[PDB]
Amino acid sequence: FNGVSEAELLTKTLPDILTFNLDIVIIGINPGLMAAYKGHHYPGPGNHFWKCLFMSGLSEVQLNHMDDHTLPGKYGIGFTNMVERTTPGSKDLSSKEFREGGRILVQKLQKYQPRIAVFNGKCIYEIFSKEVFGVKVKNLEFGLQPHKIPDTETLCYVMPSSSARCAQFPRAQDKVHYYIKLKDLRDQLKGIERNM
């Protein structure tokens, strides 16, 4: 990577971008190598996240990874990951690491209490749900989940991973429906608030 070794990138981490009063926190799986290299969220040239963000109207212009620190203030969006360690890919991670991350995640969510905790990836919500709600469903579905983060009013919303690894949703276009519904949910919650 411009002359920087994998071995070096393995040791890097990607900072959280979290604040109070967010509408959405996007929870990724863990940093991949390019994220680790850049120090910004979703830099992968083929990752769908920033495309979908724009295509859905969650951003009104096309942003990119370098804009990540602006999201909280301008767009009501922050970022973290279930697991902090950089890996060549998601199956390098162990169950213990995922469960550690889950515990840490829930404490962060309890602290910052966004309106919506967005799991960028079904696999990390499968783990979080078992660990946190004790629920392992036959057929976990995407979209809104029927549980709040414990002790909070923060909702849990699941999307297919923005990674272009999954074949079932081969293009950004095939994921954008979930981003549009996420936008709808945010707008509904703000409506309820305005009207109490």
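Don't overthink the numbering: it's just position in the shown sequence, from 1. Under this definition, the rigid core comprises the largest set of C-alpha atoms superposing within 1.5 Å between the forms.
Superposing each structure in 6 other deposited structures of this protein on the rigid core shows that the farther-lying of 134 to 142 and 147 to 155, by root-mean-square Cα distance, is 134 to 142. Of 21 to 29 and 7 to 15, the stretch whose C-alpha atoms sit farther from the shown form in 6 other deposited structures of this protein, after fitting on the rigid core, is 7 to 15. Annotation for 88 to 96 versus 101 to 109: the higher mean temperature factor (C-alpha) is found in 88 to 96.
Across the two stretches, 30 to 38 and 160 to 168, the PDB entry reports the greater mean Cα temperature factor for 30 to 38. Note on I127, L155, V135, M55: the highest value goes to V135, judged by CA B factor as recorded.
Remark: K183 belongs to the middle third of its chain, ranked by C-alpha B-factor as recorded. Placement of the Cα temperature factor of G143 within the chain: lowest third of the modelled residues, per the deposited record. For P43, the recorded CA B-factor ranks within the lowest third of the chain. Only modelled residues enter the ranking. Per the PDB record, residue ranking by Cα B-factor puts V25 in the lowest third of the chain. Remark: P72 belongs to the middle third of its chain, ranked by C-alpha B-factor as recorded.
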